[PDB]
>>> print(open('coords_21.txt').read())   # compact mmCIF, N, CA and C atoms
# COMPACT_ATOMS: atom_id res chain seq x y z
N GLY A 1 15.80 8.18 19.86
CA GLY A 1 15.13 7.33 20.82
C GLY A 1 14.06 6.47 20.17
N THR A 2 14.34 5.98 18.96
CA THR A 2 13.40 5.14 18.24
C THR A 2 14.10 3.97 17.56
N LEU A 3 13.57 2.77 17.75
CA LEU A 3 14.15 1.57 17.15
C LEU A 3 13.54 1.30 15.78
N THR A 4 14.11 1.90 14.75
CA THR A 4 13.62 1.72 13.39
C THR A 4 14.78 1.53 12.41
N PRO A 5 14.55 0.70 11.38
CA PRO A 5 15.56 0.41 10.36
C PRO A 5 15.84 1.62 9.46
N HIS A 6 16.72 1.43 8.49
CA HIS A 6 17.08 2.50 7.56
C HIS A 6 16.93 2.04 6.12
N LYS A 7 17.41 0.83 5.84
CA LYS A 7 17.34 0.27 4.49
C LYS A 7 15.89 0.07 4.07
N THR A 8 15.13 -0.64 4.90
CA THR A 8 13.73 -0.91 4.61
C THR A 8 12.92 0.38 4.55
N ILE A 9 11.64 0.26 4.21
CA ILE A 9 10.76 1.42 4.11
C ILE A 9 9.65 1.35 5.16
N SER A 10 9.45 2.46 5.87
CA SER A 10 8.43 2.53 6.90
C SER A 10 7.76 3.90 6.92
N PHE A 11 6.43 3.90 6.86
CA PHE A 11 5.67 5.15 6.86
C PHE A 11 5.19 5.49 8.27
N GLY A 12 4.40 6.55 8.38
CA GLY A 12 3.89 6.97 9.68
C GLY A 12 2.74 6.09 10.15
N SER A 13 2.38 5.10 9.34
CA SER A 13 1.29 4.20 9.69
C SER A 13 1.72 2.74 9.55
N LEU A 14 2.02 2.33 8.32
CA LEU A 14 2.45 0.96 8.05
C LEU A 14 3.94 0.91 7.76
N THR A 15 4.52 -0.28 7.86
CA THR A 15 5.94 -0.46 7.61
C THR A 15 6.20 -1.72 6.78
N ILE A 16 7.09 -1.61 5.81
CA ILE A 16 7.42 -2.74 4.95
C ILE A 16 8.92 -3.03 4.97
N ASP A 17 9.28 -4.29 5.20
CA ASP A 17 10.68 -4.69 5.25
C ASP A 17 10.90 -5.97 4.45
N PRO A 18 11.79 -5.91 3.46
CA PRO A 18 12.11 -7.06 2.60
C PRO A 18 12.88 -8.14 3.35
N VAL A 19 13.47 -7.77 4.49
CA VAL A 19 14.23 -8.70 5.30
C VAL A 19 13.32 -9.76 5.92
N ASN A 20 12.15 -9.32 6.39
CA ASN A 20 11.19 -10.23 7.01
C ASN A 20 10.01 -10.49 6.08
N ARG A 21 10.03 -9.86 4.91
CA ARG A 21 8.97 -10.02 3.93
C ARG A 21 7.60 -9.95 4.60
N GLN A 22 7.40 -8.93 5.42
CA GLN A 22 6.13 -8.75 6.13
C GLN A 22 5.84 -7.27 6.36
N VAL A 23 4.60 -6.97 6.72
CA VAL A 23 4.19 -5.59 6.97
C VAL A 23 3.73 -5.41 8.41
N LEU A 24 4.06 -4.26 8.99
CA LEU A 24 3.68 -3.96 10.37
C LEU A 24 3.00 -2.60 10.46
N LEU A 25 1.77 -2.60 10.95
CA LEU A 25 1.01 -1.36 11.10
C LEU A 25 0.46 -1.22 12.52
N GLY A 26 0.88 -0.16 13.20
CA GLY A 26 0.42 0.07 14.56
C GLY A 26 1.20 -0.74 15.58
N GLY A 27 2.29 -1.36 15.14
CA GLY A 27 3.10 -2.16 16.03
C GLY A 27 2.84 -3.64 15.89
N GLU A 28 1.80 -3.98 15.13
CA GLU A 28 1.43 -5.38 14.92
C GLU A 28 1.44 -5.72 13.43
N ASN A 29 1.85 -6.94 13.11
CA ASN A 29 1.90 -7.40 11.73
C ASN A 29 0.50 -7.46 11.12
N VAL A 30 0.41 -7.18 9.82
CA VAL A 30 -0.86 -7.21 9.12
C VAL A 30 -0.89 -8.30 8.07
N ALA A 31 -1.92 -9.15 8.12
CA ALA A 31 -2.06 -10.24 7.17
C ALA A 31 -2.84 -9.79 5.93
N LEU A 32 -2.27 -10.04 4.76
CA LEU A 32 -2.91 -9.66 3.50
C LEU A 32 -2.62 -10.69 2.42
N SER A 33 -3.61 -10.95 1.57
CA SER A 33 -3.46 -11.91 0.48
C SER A 33 -2.23 -11.59 -0.36
N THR A 34 -1.69 -12.62 -1.02
CA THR A 34 -0.51 -12.45 -1.86
C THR A 34 -0.57 -11.13 -2.62
N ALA A 35 -1.62 -10.96 -3.42
CA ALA A 35 -1.79 -9.74 -4.20
C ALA A 35 -1.77 -8.51 -3.31
N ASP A 36 -2.64 -8.49 -2.31
CA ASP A 36 -2.72 -7.37 -1.38
C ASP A 36 -1.35 -7.04 -0.81
N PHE A 37 -0.54 -8.07 -0.60
CA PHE A 37 0.80 -7.89 -0.05
C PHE A 37 1.72 -7.20 -1.06
N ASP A 38 1.60 -7.60 -2.32
CA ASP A 38 2.42 -7.01 -3.38
C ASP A 38 1.95 -5.60 -3.71
N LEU A 39 0.65 -5.37 -3.59
CA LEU A 39 0.07 -4.06 -3.88
C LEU A 39 0.74 -2.98 -3.05
N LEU A 40 0.73 -3.16 -1.73
CA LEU A 40 1.34 -2.20 -0.82
C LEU A 40 2.84 -2.10 -1.05
N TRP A 41 3.47 -3.24 -1.30
CA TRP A 41 4.91 -3.29 -1.54
C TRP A 41 5.33 -2.19 -2.51
N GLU A 42 4.65 -2.12 -3.65
CA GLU A 42 4.95 -1.11 -4.66
C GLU A 42 4.34 0.24 -4.29
N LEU A 43 3.16 0.20 -3.69
CA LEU A 43 2.46 1.42 -3.28
C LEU A 43 3.37 2.31 -2.44
N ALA A 44 4.08 1.69 -1.49
CA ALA A 44 4.99 2.42 -0.62
C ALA A 44 6.23 2.87 -1.38
N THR A 45 6.91 1.91 -2.00
CA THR A 45 8.12 2.21 -2.76
C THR A 45 7.92 3.40 -3.69
N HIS A 46 6.68 3.57 -4.16
CA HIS A 46 6.35 4.68 -5.05
C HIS A 46 5.47 5.70 -4.34
N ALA A 47 5.83 6.03 -3.11
CA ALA A 47 5.07 7.00 -2.32
C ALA A 47 5.09 8.38 -2.98
N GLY A 48 4.09 9.20 -2.66
CA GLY A 48 4.01 10.53 -3.23
C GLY A 48 3.50 10.51 -4.66
N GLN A 49 3.94 9.54 -5.44
CA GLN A 49 3.52 9.42 -6.83
C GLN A 49 2.18 8.70 -6.94
N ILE A 50 1.30 9.22 -7.79
CA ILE A 50 -0.02 8.63 -7.98
C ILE A 50 0.09 7.26 -8.64
N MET A 51 -0.40 6.24 -7.94
CA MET A 51 -0.37 4.88 -8.45
C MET A 51 -1.72 4.49 -9.05
N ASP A 52 -1.75 4.33 -10.37
CA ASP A 52 -2.98 3.95 -11.07
C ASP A 52 -3.23 2.45 -10.96
N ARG A 53 -4.49 2.06 -11.12
CA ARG A 53 -4.87 0.65 -11.04
C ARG A 53 -4.11 -0.17 -12.07
N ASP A 54 -4.14 0.27 -13.32
CA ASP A 54 -3.46 -0.43 -14.40
C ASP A 54 -1.97 -0.55 -14.11
N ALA A 55 -1.39 0.50 -13.53
CA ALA A 55 0.02 0.52 -13.20
C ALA A 55 0.30 -0.25 -11.92
N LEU A 56 -0.74 -0.42 -11.10
CA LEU A 56 -0.61 -1.14 -9.84
C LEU A 56 -0.63 -2.64 -10.07
N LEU A 57 -1.66 -3.12 -10.75
CA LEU A 57 -1.80 -4.55 -11.04
C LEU A 57 -0.55 -5.08 -11.74
N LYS A 58 0.05 -4.25 -12.59
CA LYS A 58 1.25 -4.63 -13.32
C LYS A 58 2.31 -5.19 -12.37
N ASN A 59 2.31 -4.70 -11.14
CA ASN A 59 3.27 -5.15 -10.14
C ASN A 59 2.82 -6.46 -9.50
N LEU A 60 1.51 -6.64 -9.39
CA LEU A 60 0.95 -7.85 -8.80
C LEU A 60 1.19 -9.05 -9.70
N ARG A 61 0.79 -8.93 -10.96
CA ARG A 61 0.96 -10.01 -11.93
C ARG A 61 2.24 -9.81 -12.74
N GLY A 62 2.23 -8.81 -13.61
CA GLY A 62 3.39 -8.53 -14.44
C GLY A 62 3.24 -9.06 -15.85
N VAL A 63 2.04 -9.52 -16.18
CA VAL A 63 1.76 -10.05 -17.51
C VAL A 63 1.37 -8.94 -18.48
N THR A 64 1.16 -9.32 -19.74
CA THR A 64 0.78 -8.35 -20.77
C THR A 64 -0.73 -8.14 -20.79
N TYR A 65 -1.42 -8.73 -19.82
CA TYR A 65 -2.87 -8.60 -19.73
C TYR A 65 -3.26 -7.28 -19.09
N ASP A 66 -3.70 -6.33 -19.92
CA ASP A 66 -4.10 -5.02 -19.44
C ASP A 66 -5.59 -5.00 -19.10
N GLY A 67 -6.03 -3.92 -18.46
CA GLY A 67 -7.43 -3.80 -18.09
C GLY A 67 -7.84 -4.84 -17.06
N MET A 68 -6.91 -5.22 -16.20
CA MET A 68 -7.19 -6.21 -15.16
C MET A 68 -7.35 -5.54 -13.80
N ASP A 69 -8.09 -4.43 -13.78
CA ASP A 69 -8.33 -3.70 -12.54
C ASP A 69 -9.18 -4.52 -11.58
N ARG A 70 -9.88 -5.52 -12.12
CA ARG A 70 -10.74 -6.38 -11.31
C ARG A 70 -10.06 -6.75 -10.00
N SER A 71 -8.82 -7.23 -10.10
CA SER A 71 -8.06 -7.62 -8.92
C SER A 71 -7.72 -6.41 -8.06
N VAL A 72 -7.35 -5.31 -8.71
CA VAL A 72 -7.00 -4.09 -8.01
C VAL A 72 -8.12 -3.66 -7.06
N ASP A 73 -9.31 -3.48 -7.60
CA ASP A 73 -10.46 -3.07 -6.80
C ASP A 73 -10.56 -3.91 -5.53
N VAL A 74 -10.66 -5.23 -5.70
CA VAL A 74 -10.77 -6.14 -4.57
C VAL A 74 -9.63 -5.92 -3.58
N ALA A 75 -8.42 -5.76 -4.09
CA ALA A 75 -7.25 -5.53 -3.25
C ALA A 75 -7.40 -4.25 -2.43
N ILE A 76 -7.70 -3.15 -3.12
CA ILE A 76 -7.87 -1.86 -2.46
C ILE A 76 -8.86 -1.97 -1.30
N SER A 77 -10.08 -2.40 -1.61
CA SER A 77 -11.12 -2.54 -0.60
C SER A 77 -10.62 -3.39 0.57
N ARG A 78 -9.82 -4.40 0.27
CA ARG A 78 -9.27 -5.28 1.29
C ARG A 78 -8.16 -4.59 2.07
N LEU A 79 -7.49 -3.64 1.43
CA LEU A 79 -6.41 -2.90 2.06
C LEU A 79 -6.95 -1.91 3.09
N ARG A 80 -7.92 -1.11 2.67
CA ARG A 80 -8.53 -0.12 3.56
C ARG A 80 -9.32 -0.80 4.67
N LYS A 81 -10.16 -1.75 4.30
CA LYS A 81 -10.97 -2.48 5.27
C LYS A 81 -10.11 -3.07 6.38
N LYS A 82 -8.89 -3.45 6.02
CA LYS A 82 -7.96 -4.02 6.99
C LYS A 82 -7.15 -2.93 7.68
N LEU A 83 -6.93 -1.82 6.98
CA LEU A 83 -6.18 -0.70 7.53
C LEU A 83 -7.09 0.48 7.84
N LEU A 84 -8.33 0.18 8.21
CA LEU A 84 -9.31 1.21 8.53
C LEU A 84 -9.07 1.76 9.93
N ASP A 85 -7.81 2.01 10.27
CA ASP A 85 -7.46 2.54 11.58
C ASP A 85 -8.22 3.83 11.87
N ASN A 86 -8.62 4.01 13.12
CA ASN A 86 -9.37 5.20 13.53
C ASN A 86 -8.82 5.76 14.84
N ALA A 87 -8.79 4.91 15.87
CA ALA A 87 -8.29 5.32 17.17
C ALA A 87 -6.78 5.57 17.13
N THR A 88 -6.04 4.58 16.66
CA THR A 88 -4.59 4.70 16.57
C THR A 88 -4.18 5.75 15.54
N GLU A 89 -4.74 5.64 14.34
CA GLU A 89 -4.43 6.58 13.27
C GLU A 89 -5.52 6.57 12.20
N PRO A 90 -5.58 7.64 11.40
CA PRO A 90 -6.58 7.78 10.33
C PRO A 90 -6.32 6.81 9.18
N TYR A 91 -6.98 7.06 8.05
CA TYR A 91 -6.82 6.21 6.88
C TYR A 91 -5.86 6.84 5.87
N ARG A 92 -4.61 7.00 6.29
CA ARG A 92 -3.59 7.59 5.43
C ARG A 92 -3.83 7.22 3.97
N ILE A 93 -4.06 5.93 3.72
CA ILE A 93 -4.31 5.45 2.36
C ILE A 93 -5.63 5.99 1.82
N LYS A 94 -5.61 7.24 1.37
CA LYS A 94 -6.80 7.87 0.82
C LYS A 94 -6.86 7.70 -0.70
N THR A 95 -8.03 7.93 -1.27
CA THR A 95 -8.22 7.80 -2.71
C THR A 95 -8.19 9.17 -3.39
N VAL A 96 -7.60 9.22 -4.58
CA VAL A 96 -7.51 10.46 -5.33
C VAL A 96 -8.68 10.61 -6.30
N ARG A 97 -8.84 11.81 -6.85
CA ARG A 97 -9.92 12.09 -7.78
C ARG A 97 -9.93 11.07 -8.92
N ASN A 98 -10.60 9.94 -8.70
CA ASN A 98 -10.68 8.89 -9.70
C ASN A 98 -9.38 8.81 -10.51
N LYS A 99 -8.26 9.01 -9.83
CA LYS A 99 -6.95 8.95 -10.48
C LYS A 99 -6.07 7.90 -9.83
N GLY A 100 -6.66 7.08 -8.97
CA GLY A 100 -5.91 6.04 -8.29
C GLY A 100 -6.00 6.14 -6.78
N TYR A 101 -4.91 5.81 -6.10
CA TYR A 101 -4.87 5.86 -4.64
C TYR A 101 -3.52 6.35 -4.15
N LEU A 102 -3.53 7.45 -3.41
CA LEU A 102 -2.30 8.03 -2.88
C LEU A 102 -2.39 8.19 -1.37
N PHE A 103 -1.24 8.40 -0.73
CA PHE A 103 -1.19 8.58 0.72
C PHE A 103 -1.80 9.91 1.13
N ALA A 104 -2.15 10.03 2.40
CA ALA A 104 -2.75 11.26 2.92
C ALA A 104 -1.81 12.44 2.74
N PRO A 105 -2.38 13.66 2.74
CA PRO A 105 -1.61 14.90 2.58
C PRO A 105 -0.73 15.19 3.78
N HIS A 106 -0.91 14.42 4.85
CA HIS A 106 -0.13 14.61 6.07
C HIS A 106 0.91 13.50 6.22
N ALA A 107 1.09 12.71 5.16
CA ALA A 107 2.06 11.62 5.17
C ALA A 107 2.98 11.70 3.96
N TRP A 108 4.28 11.83 4.22
CA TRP A 108 5.27 11.91 3.16
C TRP A 108 6.67 11.65 3.69
N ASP A 109 7.61 11.42 2.79
CA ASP A 109 9.00 11.16 3.17
C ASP A 109 9.96 11.73 2.14
N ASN A 110 10.90 12.55 2.61
CA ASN A 110 11.88 13.18 1.73
C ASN A 110 12.79 12.12 1.10
>>> encode(input="coords_21.txt", output="C-alpha cells")
Amino acid sequence: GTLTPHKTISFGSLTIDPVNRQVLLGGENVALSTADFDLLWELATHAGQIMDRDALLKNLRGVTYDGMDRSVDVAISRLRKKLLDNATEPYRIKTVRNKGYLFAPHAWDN
C-alpha cells in the first residue's frame, strides 16, 4: 500500500531518483546547490559505509586536488541546516566520531 519506486534509491527520510534528477524529503522536493546535490547522491548510494570528506568531495569535483574539504564542510552544514527535520523526522544524517558523516543508527537498507 505504498507508491514507491524500486530502481531508484529512497531512505526513510530523503529520496533520490536519477529519473527526475531530484531529491524528495518529507514528501516535498529539496533544493540544494550543485555540490550539495552531488554530495547526497553519493552519500545515499554508499549508505551504511562511512563517507569521509576527502572521499566525498572526490564525487563532487573528481579532480586530483586533494585536501579540498573546504567545500565539504560548507555542503554538510547546508545539508543538515536544510534537512534539520524535527517534527516530521529527526536528523538521520548524523555525524560520526570525527570520521565523516553517516546515517542514523535507526536508518538502514538491506
>>> residues_around(input="coords_21.txt", residues="stretch 32-41 of chain A", least_positions_apart="2", cutoff="6.5 Å", atoms="only N, CA and C atoms", output="PyMOL selection string")
chain A and resi 30+43-46+56+59-60+75
>>> write_last_selection(input="coords_21.txt", atoms="N, CA and C atoms", output="PDB file, in the coordinates of the input")
ATOM      1  N   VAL A  30       0.410  -7.180   9.820  1.00  0.00           N
ATOM      2  CA  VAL A  30      -0.860  -7.210   9.120  1.00  0.00           C
ATOM      3  C   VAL A  30      -0.890  -8.300   8.070  1.00  0.00           C
ATOM      4  N   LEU A  43       3.160   0.200  -3.690  1.00  0.00           N
ATOM      5  CA  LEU A  43       2.460   1.420  -3.280  1.00  0.00           C
ATOM      6  C   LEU A  43       3.370   2.310  -2.440  1.00  0.00           C
ATOM      7  N   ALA A  44       4.080   1.690  -1.490  1.00  0.00           N
ATOM      8  CA  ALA A  44       4.990   2.420  -0.620  1.00  0.00           C
ATOM      9  C   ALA A  44       6.230   2.870  -1.380  1.00  0.00           C
ATOM     10  N   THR A  45       6.910   1.910  -2.000  1.00  0.00           N
ATOM     11  CA  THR A  45       8.120   2.210  -2.760  1.00  0.00           C
ATOM     12  C   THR A  45       7.920   3.400  -3.690  1.00  0.00           C
ATOM     13  N   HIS A  46       6.680   3.570  -4.160  1.00  0.00           N
ATOM     14  CA  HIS A  46       6.350   4.680  -5.050  1.00  0.00           C
ATOM     15  C   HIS A  46       5.470   5.700  -4.340  1.00  0.00           C
ATOM     16  N   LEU A  56      -0.740  -0.420 -11.100  1.00  0.00           N
ATOM     17  CA  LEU A  56      -0.610  -1.140  -9.840  1.00  0.00           C
ATOM     18  C   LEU A  56      -0.630  -2.640 -10.070  1.00  0.00           C
ATOM     19  N   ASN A  59       2.310  -4.700 -11.140  1.00  0.00           N
ATOM     20  CA  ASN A  59       3.270  -5.150 -10.140  1.00  0.00           C
ATOM     21  C   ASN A  59       2.820  -6.460  -9.500  1.00  0.00           C
ATOM     22  N   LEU A  60       1.510  -6.640  -9.390  1.00  0.00           N
ATOM     23  CA  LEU A  60       0.950  -7.850  -8.800  1.00  0.00           C
ATOM     24  C   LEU A  60       1.190  -9.050  -9.700  1.00  0.00           C
ATOM     25  N   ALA A  75      -8.420  -5.760  -4.090  1.00  0.00           N
ATOM     26  CA  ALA A  75      -7.250  -5.530  -3.250  1.00  0.00           C
ATOM     27  C   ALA A  75      -7.400  -4.250  -2.430  1.00  0.00           C
TER      28      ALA A  75
END
>>> residues_around(input="coords_21.txt", residues="stretch 63-74 of chain A", least_positions_apart="6", cutoff="7 Å", atoms="all atoms listed in the file", output="PyMOL selection string")
chain A and resi 53-54+56-57
>>> write_last_selection(input="coords_21.txt", atoms="N, CA and C atoms", output="PDB file, in the frame of the given file")
ATOM      1  N   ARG A  53      -4.490   2.060 -11.120  1.00  0.00           N
ATOM      2  CA  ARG A  53      -4.870   0.650 -11.040  1.00  0.00           C
ATOM      3  C   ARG A  53      -4.110  -0.170 -12.070  1.00  0.00           C
ATOM      4  N   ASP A  54      -4.140   0.270 -13.320  1.00  0.00           N
ATOM      5  CA  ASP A  54      -3.460  -0.430 -14.400  1.00  0.00           C
ATOM      6  C   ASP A  54      -1.970  -0.550 -14.110  1.00  0.00           C
ATOM      7  N   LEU A  56      -0.740  -0.420 -11.100  1.00  0.00           N
ATOM      8  CA  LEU A  56      -0.610  -1.140  -9.840  1.00  0.00           C
ATOM      9  C   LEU A  56      -0.630  -2.640 -10.070  1.00  0.00           C
ATOM     10  N   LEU A  57      -1.660  -3.120 -10.750  1.00  0.00           N
ATOM     11  CA  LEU A  57      -1.800  -4.550 -11.040  1.00  0.00           C
ATOM     12  C   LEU A  57      -0.550  -5.080 -11.740  1.00  0.00           C
TER      13      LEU A  57
END
>>> select_by_dssp(input="coords_21.txt", residues="chain A", states="alpha helix (DSSP H)", output="PyMOL selection string")
chain A and resi 34-45+53-60+69-82
>>> write_last_selection(input="coords_21.txt", atoms="N, CA and C atoms", output="short mmCIF file (atom, residue, chain, number, x, y, z; two decimals), in the coordinates of the input")
data_model
loop_
_atom_site.label_atom_id
_atom_site.label_comp_id
_atom_site.auth_asym_id
_atom_site.auth_seq_id
_atom_site.Cartn_x
_atom_site.Cartn_y
_atom_site.Cartn_z
N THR A 34 -1.69 -12.62 -1.02
CA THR A 34 -0.51 -12.45 -1.86
C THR A 34 -0.57 -11.13 -2.62
N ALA A 35 -1.62 -10.96 -3.42
CA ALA A 35 -1.79 -9.74 -4.20
C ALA A 35 -1.77 -8.51 -3.31
N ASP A 36 -2.64 -8.49 -2.31
CA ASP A 36 -2.72 -7.37 -1.38
C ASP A 36 -1.35 -7.04 -0.81
N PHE A 37 -0.54 -8.07 -0.60
CA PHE A 37 0.80 -7.89 -0.05
C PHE A 37 1.72 -7.20 -1.06
N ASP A 38 1.60 -7.60 -2.32
CA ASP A 38 2.42 -7.01 -3.38
C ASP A 38 1.95 -5.60 -3.71
N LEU A 39 0.65 -5.37 -3.59
CA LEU A 39 0.07 -4.06 -3.88
C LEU A 39 0.74 -2.98 -3.05
N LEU A 40 0.73 -3.16 -1.73
CA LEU A 40 1.34 -2.20 -0.82
C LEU A 40 2.84 -2.10 -1.05
N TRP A 41 3.47 -3.24 -1.30
CA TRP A 41 4.91 -3.29 -1.54
C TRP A 41 5.33 -2.19 -2.51
N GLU A 42 4.65 -2.12 -3.65
CA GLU A 42 4.95 -1.11 -4.66
C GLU A 42 4.34 0.24 -4.29
N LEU A 43 3.16 0.20 -3.69
CA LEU A 43 2.46 1.42 -3.28
C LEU A 43 3.37 2.31 -2.44
N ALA A 44 4.08 1.69 -1.49
CA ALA A 44 4.99 2.42 -0.62
C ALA A 44 6.23 2.87 -1.38
N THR A 45 6.91 1.91 -2.00
CA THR A 45 8.12 2.21 -2.76
C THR A 45 7.92 3.40 -3.69
N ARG A 53 -4.49 2.06 -11.12
CA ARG A 53 -4.87 0.65 -11.04
C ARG A 53 -4.11 -0.17 -12.07
N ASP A 54 -4.14 0.27 -13.32
CA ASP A 54 -3.46 -0.43 -14.40
C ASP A 54 -1.97 -0.55 -14.11
N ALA A 55 -1.39 0.50 -13.53
CA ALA A 55 0.02 0.52 -13.20
C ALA A 55 0.30 -0.25 -11.92
N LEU A 56 -0.74 -0.42 -11.10
CA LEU A 56 -0.61 -1.14 -9.84
C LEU A 56 -0.63 -2.64 -10.07
N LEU A 57 -1.66 -3.12 -10.75
CA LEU A 57 -1.80 -4.55 -11.04
C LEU A 57 -0.55 -5.08 -11.74
N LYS A 58 0.05 -4.25 -12.59
CA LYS A 58 1.25 -4.63 -13.32
C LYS A 58 2.31 -5.19 -12.37
N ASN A 59 2.31 -4.70 -11.14
CA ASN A 59 3.27 -5.15 -10.14
C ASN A 59 2.82 -6.46 -9.50
N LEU A 60 1.51 -6.64 -9.39
CA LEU A 60 0.95 -7.85 -8.80
C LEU A 60 1.19 -9.05 -9.70
N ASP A 69 -8.09 -4.43 -13.78
CA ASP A 69 -8.33 -3.70 -12.54
C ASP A 69 -9.18 -4.52 -11.58
N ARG A 70 -9.88 -5.52 -12.12
CA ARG A 70 -10.74 -6.38 -11.31
C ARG A 70 -10.06 -6.75 -10.00
N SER A 71 -8.82 -7.23 -10.10
CA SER A 71 -8.06 -7.62 -8.92
C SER A 71 -7.72 -6.41 -8.06
N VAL A 72 -7.35 -5.31 -8.71
CA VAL A 72 -7.00 -4.09 -8.01
C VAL A 72 -8.12 -3.66 -7.06
N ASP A 73 -9.31 -3.48 -7.60
CA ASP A 73 -10.46 -3.07 -6.80
C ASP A 73 -10.56 -3.91 -5.53
N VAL A 74 -10.66 -5.23 -5.70
CA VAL A 74 -10.77 -6.14 -4.57
C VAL A 74 -9.63 -5.92 -3.58
N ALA A 75 -8.42 -5.76 -4.09
CA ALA A 75 -7.25 -5.53 -3.25
C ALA A 75 -7.40 -4.25 -2.43
N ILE A 76 -7.70 -3.15 -3.12
CA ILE A 76 -7.87 -1.86 -2.46
C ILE A 76 -8.86 -1.97 -1.30
N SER A 77 -10.08 -2.40 -1.61
CA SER A 77 -11.12 -2.54 -0.60
C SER A 77 -10.62 -3.39 0.57
N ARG A 78 -9.82 -4.40 0.27
CA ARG A 78 -9.27 -5.28 1.29
C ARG A 78 -8.16 -4.59 2.07
N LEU A 79 -7.49 -3.64 1.43
CA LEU A 79 -6.41 -2.90 2.06
C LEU A 79 -6.95 -1.91 3.09
N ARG A 80 -7.92 -1.11 2.67
CA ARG A 80 -8.53 -0.12 3.56
C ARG A 80 -9.32 -0.80 4.67
N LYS A 81 -10.16 -1.75 4.30
CA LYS A 81 -10.97 -2.48 5.27
C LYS A 81 -10.11 -3.07 6.38
N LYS A 82 -8.89 -3.45 6.02
CA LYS A 82 -7.96 -4.02 6.99
C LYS A 82 -7.15 -2.93 7.68
#
>>> residues_around(input="coords_21.txt", residues="stretch 100-108 of chain A", least_positions_apart="2", cutoff="6.5 Å", atoms="only N, CA and C atoms", output="MDAnalysis selection string")
chainID A and resid 12 48:53 91:98 110
>>> atom_distance(input="coords_21.txt", atom1="atom CA of residue A:83", atom2="atom CA of residue A:25")
8.1 Å
>>> atom_distance(input="coords_21.txt", atom1="atom CA of residue A:14", atom2="atom N of residue A:90")
11.0 Å
>>> atom_distance(input="coords_21.txt", atom1="atom CA of residue A:8", atom2="atom CA of residue A:89")
21.5 Å
>>> closest_residue(input="coords_21.txt", among="A:9, A:2, A:18, A:26", to="residue A:85", atoms="only C-alpha atoms")
A:26
